[PDB]
Number of protein chains: 2
Amino acid sequence: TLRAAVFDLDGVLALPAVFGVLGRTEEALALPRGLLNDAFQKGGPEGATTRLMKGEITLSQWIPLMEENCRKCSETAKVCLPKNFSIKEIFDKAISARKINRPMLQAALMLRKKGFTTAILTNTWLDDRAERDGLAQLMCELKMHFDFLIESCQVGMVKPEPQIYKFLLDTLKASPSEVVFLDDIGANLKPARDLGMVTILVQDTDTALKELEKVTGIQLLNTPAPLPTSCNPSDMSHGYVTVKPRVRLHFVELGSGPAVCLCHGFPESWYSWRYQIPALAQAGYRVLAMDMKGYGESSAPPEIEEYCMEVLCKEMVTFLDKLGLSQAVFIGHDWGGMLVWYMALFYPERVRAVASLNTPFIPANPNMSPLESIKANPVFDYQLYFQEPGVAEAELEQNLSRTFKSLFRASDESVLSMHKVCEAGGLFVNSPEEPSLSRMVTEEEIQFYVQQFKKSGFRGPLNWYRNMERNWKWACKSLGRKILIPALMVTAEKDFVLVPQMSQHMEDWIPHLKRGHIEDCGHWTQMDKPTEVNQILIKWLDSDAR
Amino acid sequence: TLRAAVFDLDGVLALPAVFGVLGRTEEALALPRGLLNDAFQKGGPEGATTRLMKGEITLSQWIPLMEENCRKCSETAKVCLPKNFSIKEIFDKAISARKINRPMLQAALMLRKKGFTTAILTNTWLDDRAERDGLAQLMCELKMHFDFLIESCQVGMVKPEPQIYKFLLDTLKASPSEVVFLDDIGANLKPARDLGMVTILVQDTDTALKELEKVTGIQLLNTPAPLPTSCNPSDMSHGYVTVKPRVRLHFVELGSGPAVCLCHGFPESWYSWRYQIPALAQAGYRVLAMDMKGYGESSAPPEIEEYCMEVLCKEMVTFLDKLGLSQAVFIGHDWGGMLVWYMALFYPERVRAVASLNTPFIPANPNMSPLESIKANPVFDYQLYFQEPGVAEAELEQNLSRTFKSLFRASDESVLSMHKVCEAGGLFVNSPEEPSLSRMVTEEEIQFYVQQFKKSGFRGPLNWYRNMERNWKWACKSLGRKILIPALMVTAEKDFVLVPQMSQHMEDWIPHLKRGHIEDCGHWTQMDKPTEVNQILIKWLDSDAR
Ligand SMILES: FC(F)(F)c1cccc(-c2[nH]ncc2-c2ccncc2)c1
Ligand SMILES: FC(F)(F)c1cccc(-c2[nH]ncc2-c2ccncc2)c1
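Residues numbered from 1 in each chain as written, not as in the entry; some residues may be left out. Chains lettered and ligands numbered in written order. Heavy atoms only, no water.

Looking at the PDB entry, chain A carries the name BIFUNCTIONAL EPOXIDE HYDROLASE 2, with the source organism given as Homo sapiens. In the Cofactor part of its UniProt record, chain A is described as follows: "Mg(2+)". The Subunit field of the UniProt record for chain A holds the comment "Homodimer." (UniProt positions renumbered as here; feature names shortened; annotations may be inferred.)

Listed below in structure tokens is the structure:
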């Protein structure tokens, strides 16, 4: 019974095969068939390529030995290599051309999701080329999805030597009959087969995947579109910055490139961005996913005034000062979306670009009290219920698991009416004791919010709603300004409080505003529609946030 | 009696003054004298510039109002503005041309070092230009050195209005006679003077500094060269990555740009790089200053084998994997210098560039046991003393303050002979109970090492020396390789163990090696000669590490 799947890198998890380029090159240059492929394997186990693959020498040391071999092979063939013929250039192009074979990776992900131990076993080299980073990036992205990465040049062994297969089985802690081994090289398949492992000769991915599906009994082809990569909290880099004596901010950090600061809503976490963090880092950005003040590992002081927009924004500026960042792109959702508009209005020099999910930008009405303004819209009754200190804390903290299960639902699953909350006497008065689990979340993900909320509770988070007059007076100072830095407004069709039509006048104060729109999407935008949020953010970041 | 110094930004802490550009422009374009300067101040307190300075409008909103004003001023003058005349371009160039007035900053640093409360009071704007980052960077660098930054556009008040001076005095919690106020605008000096504050009209810096020196009684001119900026541990961003179940790595993080991973020696800390961290971040790099395994906030497992080079290097690769970094430049000192050469030899694809302070690269001798090799050099006797588990721990842990005070000394201060340590029976047998404090360190800095070493002690750190045979067998696998990635070897003239001549054969295995050499420098390179280390590293990073 199968419990492990092993994949070759070249010609299997990555395409086009770097090997096929020696053939592609012979044809393009009208050189004798197999000439370059023969100089590549010259001397077999004693040869230059085997020393390279075993890690005896680096790729840069190997280049002149391959050129030497290419000339000896051409001499014997009674042919000539052209003037400008470069092995370096041939391999630079080949490696740079090789991309992840997405459906093969998807199959490995599915097998691992179904309990399989997965591994990459590859004959590879120690890359010291000036352009080594592209391959390093590829290996980084690929390896995260597997339990093991076994590279020939690191283990000093090579396929097809039988020791590498015995090394593979020992790392897997599995007997050969429990293992599927996928390879594009028949000679490299034989020792695994000779040992009793299930082997797959990979020519085209589809047939290989049909064979893999047949042998595992797991559907891998014609599968529904998968969710983006998520985050395992214990596998992240956790950051901590003291912004003032009693206040520290926590964040999760992934990737390199322009700083992208993710600002969650109520009652959330850095973990609300779980589906965006790996995708944005993969797109070339340094992601800083915050635990906003009052949440998770960030400080939660009790005072209401510690949560007014002026203070929260000043502290976010200090956060950047302490990390030595002159700028960051600011992406917010719900309450974080509102903070992000105020960061753009008050600190445009610190904001590279600004994006909001659901939260529109609406200027303060100087001729109406913010309390009057909230009362005018029936769907904002929940914010009036949030005013009195202790009332919403008591209900929200009564049963954490019920709180998160009732809140975090897709638009078609909603257990809560946002209408007449005060009159009802609470958010959950017409809600079950044991809500069913939404299709958006697992039990484990609910328990992460439950565990995070056990530290400080709902007081600090609820305090974000308790500064309406303070925020209105501050916001009124910005009434003559416009947002002229790059900006994105993303609307959610089925957010019945932050309705798409609420954002309709935004180009009056943000003329160059860019937009995104998500169909059949509720309030919990990031987990409701992760694939579309990722597509909208990556597209905007690459075009407008450099 | 003076206790506060206040500085204007334009024409005082930053030069050339952005104001002077309107004059420079009139002359270059042969326009009527004071024409542009007049359109700049048009309408006075009611005018466009005052609204800009109070934060009513942004810089981008102000540009067309200034152009409108420039045309009204030119009309009245019976002159014409040329075809291609752009206010945007004039201010883009001016702001971009304005740099920190280094000796004025040096004086403020000196006054603050002498107990003064320092502040920047400036009439500034909300910058939303596409090129706003340059000014954001300038403000970031400048503000860190002061207790307060008061910006007109943030406080809604402007100089010379008297409310801004009353606001300044309230933030300072000081009466006017206790305050020096430096400004280049006489009209802006008057209200501070009228209040009883000591005022300095700043034309040329030297005279202003002579006046400041006269009035404070503190030497600010002709001062000895200052040390680079240091780090305050509680003001840094602290990072934590779990590399395996029982092992977590701690780091300090500052700046943006290519990742630069700093690897300390024995018995050190991330804090050994205190003088390099602000300088390298300021030069355009993202600095990751490690607490190496066994130190500070990083895990310190007891097992000797947890500290062999193969394991330490694998964990540093995992560290990069978890932070989502495909590469980092690796800079090491002492034991960290040795790790950094092995990172280049075993993982060149993960190493952007490699630099070592003091530690040379010497290949393993396959025909001699590493123990025999250590015995061959008299100055390496301390490593033999470090072999037996518990002996060096007991001595090193007996009195922490004495340990760090005895170790951390300049070449001319040394209390320890590195000769016949085993025979003597310890490192400190001929050392005082209460060593004097070295000129390289303060009491406070010694106490930081003392506090860090109280957690795990010396076992994990000493274990780095306890894998000589394991490291030799691993290193022997790399005997056919060369280091062909960018590399820097920095030697310290007076390191009497890691002597400069020990690095003499390095170009045999690193042909493109670049070098640095520090005169009159002991073992503790980073704190012994911080200014020169910074100059050598920044120069090499900008030329070779992109
Ligand atoms: F705690 C509250 F009040 F439920 C809360 C808090 C924050 C946002 C929202 C929200 N905004 N838009 C839609 C929703 C929503 C509707 C139905 N179920 C859950 C959420 C509601
Ligand atoms: F603990 C030890 F053994 F002192 C130790 C540990 C690590 C490095 C060094 C070292 N390397 N080069 C010079 C020195 C040195 C010489 C004189 N005083 C202090 C240090 C010494």
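A few words on the overall build of chain A. The helix and strand inventory of chain A stands at 24 helices and 15 strands. Its C-alpha atoms give chain A principal-axis dimensions of roughly 90 × 55 × 40 Å. Scored against the burial criterion, the 546 residues of chain A give a buried share of 59%. Pairs at least 24 residues apart make up 74% of the contacts formed inside chain A by residues separated by at least 6 positions. (Helix = DSSP H or I, 4+ residues; strand = E, 2+ residues; numbered from the N terminus. Buried < 20%, exposed > 50% of the residue type's maximum accessible area, 1.4 Å probe, protein only. Contact = heavy atoms within 4.5 Å.)

This part is about the domain arrangement of chain A. Each assigned domain of chain A is listed with its residue range as follows: domain 1 (1–16 + 97–217), domain 2 (17–96) and domain 3 (236–546). Placing the centre of domain 1 of chain A and that of domain 3 of chain A at their C-alpha centroids yields a distance of 42 Å. (Domains from an automatic or database assignment.)

Before going further, it helps to spend a moment on the interface of chain A and chain B. In this complex, chain A contributes 59 residues to the contact, which on the side of chain B involves 59 residues. Approximately 4,300 Å² of surface area, both sides summed, lies buried where chain A meets chain B, with 45% of it carried by carbon and sulfur atoms. Put simply, chain A and chain B have six salt bridges between them. Two residues, A:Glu253 and B:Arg286, come together in a salt bridge whose shortest N-O distance is 3.5 Å. (Buried area = accessible area lost by both parts, 1.4 Å probe. Salt bridge = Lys/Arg side-chain N within 4 Å of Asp/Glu carboxyl O.)

What follows deals with the sheet that holds strand β5 (residues 148–151) of chain B. Hydrogen bonding along the main chain pairs the strands of a sheet, whether they run parallel or antiparallel. Residue and element names in this part refer to chain B. If you walk across this open sheet you meet the five strands as β5-β4-β1-β6-β7, and the pairing is parallel. Either end of the sheet is taken by a strand with one partner, and the two such strands are β5 and β7 (198–201). For this sheet, the mean inter-axis angle between neighbouring strands, taken without regard to orientation, is 20°. (Pairing = 2+ DSSP bridges. Axes fitted to C-alpha atoms, helices over the stretch in contact; angles between N-to-C directions.)

Below, the discussion takes up empty space enclosed by the protein. Across all of its chains, the model carries six cavities of 30 Å³ or more by this definition. Lining the largest cavity are B:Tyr342, B:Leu345, B:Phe361, B:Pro363, B:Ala364, B:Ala475, B:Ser478, B:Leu479, B:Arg481 and B:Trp509. Taken together, the residues of the lining of the largest cavity sort by class into eight nonpolar, one polar and one charged. In terms of lining residues, the second largest cavity is bounded by A:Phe40, A:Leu52, A:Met53, A:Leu59, A:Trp62, A:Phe91, A:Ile95 and A:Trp125. If you list the elements that add at least two residues to the lining of the second largest cavity, you get α3 (48–54), α4 (59–77) and α5 (87–97) of chain A. Classifying every residue of the lining of the second largest cavity gives eight nonpolar, no polar and no charged. (1 Å grid on protein atoms, 1.4 Å probe; cavity = no way out; pocket = protein on both sides within 12 Å on 5 of 7 lines; lining within 4 Å. Points joined across faces, edges and corners; volume = space filled by probe spheres on them. Nonpolar A, V, L, I, M, F, W, Y, C, P; charged D, E, K, R; others polar.)

Right, let's get into helix α20 (residues 443–456) of chain A. The α-helix winds at 3.6 residues per turn, so residues separated by three or four positions along the chain end up facing the same way. Residues and elements named next belong to chain A. Along α20, the residues that are buried comprise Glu445, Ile446, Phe448, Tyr449, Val450, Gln452 and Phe453. On its buried face, α20 sits against β11 (286–291), α18 (400–407) and α21 (459–463). Taken from the residues just after α20, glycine 457 is the one with a positive phi, measuring 70°.

So, on to the site of ligand 2. Residues and elements named next belong to chain B. Within the structure, ligand 2 sits among 13 residues, and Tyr382, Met418, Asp495, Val497 and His523 are positioned closest to it. Between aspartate 495 and ligand 2, the recorded distance is 2.9 Å, taken from a side-chain N or O atom to a nitrogen atom. In the environment of ligand 2, a nitrogen atom lies 3.2 Å from a nitrogen or oxygen atom belonging to the side chain of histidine 523. Look at ligand 2: alone it shows 440 Å² of surface, and the protein chains cover 95% of it. Grouping the amino acids of the shell around ligand 2 by side-chain chemistry returns 10 nonpolar, one polar and two charged. (Near = heavy atom within 4 Å. Polar contact = N/O pair within 3.5 Å; in protein donor to acceptor, adjacent residues only side chain to side chain. Areas by Shrake-Rupley, 256 points an atom, 1.4 Å probe, with all protein chains shown as cover.)

Residues and elements named next belong to chain A. Across the sheet, which stays open at both edges, the five strands sit in the order β5-β4-β1-β6-β7 with parallel pairing between neighbours. Looking at which strands have only one partner, the edges of the open sheet turn out to be β5 (148–151) and β7 (198–201). On average, each strand axis in the sheet is inclined to that of its neighbour by 20°, with strand direction left out of account. Its contacts with the sheet put helix α6 (residues 102–113) on β1 (4–7), β4 (117–122) and β6 (179–183), and the angle it makes with β1 is roughly 160°.

Bringing the relation of the copies chain A and chain B into the picture now. When chain A is fitted to chain B, the residual RMSD is 0.0 Å, and the transformation amounts to a turn of 180° plus an axial shift of 0.0 Å. What the superposition gives is, in effect, a two-fold axis relating one chain to the other. No C-alpha of chain A approaches the rotation axis more nearly than that of A:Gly239, which lies at 2.2 Å. A share of 100% of interface residues in chain A that are also interface residues in chain B marks the association as one of identical surfaces. (Least-squares fit on C-alpha atoms.)

Before going further, it helps to examine the UniProt feature "binding site: phosphate" in chain A. All names here are of chain A. Under the UniProt annotation, the feature "binding site: phosphate" is placed at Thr122 and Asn123. In this structure, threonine 122 sits in strand β4. Not counting residues within four places of it along the chain, the set of residues in contact with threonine 122 comprises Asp8, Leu9, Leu149, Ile150, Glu151 and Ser152. Checked against the element boundaries, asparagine 123 lands in the loop between β4 and α7 (133–143). Once residues lying within four places of it in the same chain are set aside, the contact partners of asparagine 123 are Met53, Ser152, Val158, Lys159 and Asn188. Within the structure, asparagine 123 has its side chain in polar contact with the backbone nitrogen of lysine 159 (distance 2.9 Å).

On to the site of ligand 1, then. All names here are of chain A. Close to ligand 1 lie 13 residues, the nearest being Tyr382, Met418, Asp495, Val497 and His523. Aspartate 495 has a polar side-chain atom sitting 2.9 Å from a nitrogen atom of ligand 1. Separating a nitrogen atom of ligand 1 from a side-chain N or O atom of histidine 523 is a distance of 3.2 Å.

Tracing the backbone through its elements, the reader meets A:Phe251 in strand β9 (residues 247–254). Between the C-alpha atoms of A:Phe251 and A:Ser298, which are 47 residues apart in sequence, the distance is 8.3 Å. Dropping the residues within four chain positions of it, A:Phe251 is found in contact with A:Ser237, A:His238, A:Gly239, A:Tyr240, A:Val241, A:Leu288, A:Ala289, A:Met290, A:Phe319, A:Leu323 and B:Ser237.

For the rest of this paragraph, the subject is the pairing of β9(A). Taken residue by residue, a regular strand's side chains alternate between the two faces of the sheet. Residues and elements named next belong to chain A. Of all the eight residues making up β9, seven are buried; the element is thus mostly covered by neighbouring parts of the structure. Here strand β8 (residues 237–244) runs beside β9; their pairing, made up of seven bridges, is antiparallel. Across the sheet, the residue bridging to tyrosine 240 is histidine 250, located in β9. Between β8 and β9, which pair antiparallel and follow one another directly, the connecting turn spans two residues. Across five bridges, β9 lies against β11 in antiparallel orientation.

Residues and elements named next belong to chain A. Closest axis-to-axis distance for the α6/helix α11 (residues 205–216) pair is 10 Å, and the angle between their directions is 15°. Between α6 and α11, the crossing angle belongs to the class labelled roughly parallel. At the point where α6 passes α11, the crossing takes the left-handed sense. From α6, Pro103, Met104, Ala107 and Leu111 reach across to α11, where they touch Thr205, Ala208, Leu209, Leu212 and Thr216. Of the residues contributing to the contact of α6 with α11, the split by class is seven nonpolar, two polar and no charged. (Parallel < 35°, antiparallel > 145°, perpendicular 65-115°, else oblique. Left-handed = near helix turned anticlockwise from the far one by under 90°.)

Residues and elements named next belong to chain B. In this structure, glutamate 395 sits in helix α17 (residues 391–398). Buried charge without a partner: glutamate 395 forms no salt bridge, and the closest opposite charge is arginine 402, 5.7 Å away. At 2.5 Å, the side chain of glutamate 395 forms a polar contact with the side chain of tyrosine 385. Of the polar contacts made by the side chain of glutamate 395, one reaches the backbone nitrogen of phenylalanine 428; its length is 2.9 Å. Every residue in contact with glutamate 395, bar those within four places of it in the chain, is listed here: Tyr385, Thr403, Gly426, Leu427, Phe428 and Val429. (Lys, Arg positive; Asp, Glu negative; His and termini not counted.)

Glancing now at the UniProt feature "binding site: Mg(2+)" in chain A. Residue and element names in this part refer to chain A. Sequence positions flagged by UniProt for "binding site: Mg(2+)" are, in local numbering, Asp8, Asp10 and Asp184. Look at the named residues: they lie 177 residues apart in sequence, but the longest C-alpha span between them is just 7.9 Å, so in the fold they bunch up. Locating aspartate 10 in the fold gives a position in the loop between β1 and β2 (14–15). Judged by relative accessible area, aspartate 10 falls into the buried class, the value being 11%. Excluding anything up to four places from it in sequence, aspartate 10 contacts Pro16, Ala17, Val18, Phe19, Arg98 and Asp184. Positionally, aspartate 184 belongs in the loop between β6 and α10 (186–194). The exposure class assigned to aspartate 184 is partly exposed, which follows from its relative accessible area of 21%. Excluding its chain neighbours within four sequence positions, the residues that come into contact with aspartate 184 are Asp8, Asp10, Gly11, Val12, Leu201 and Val202.

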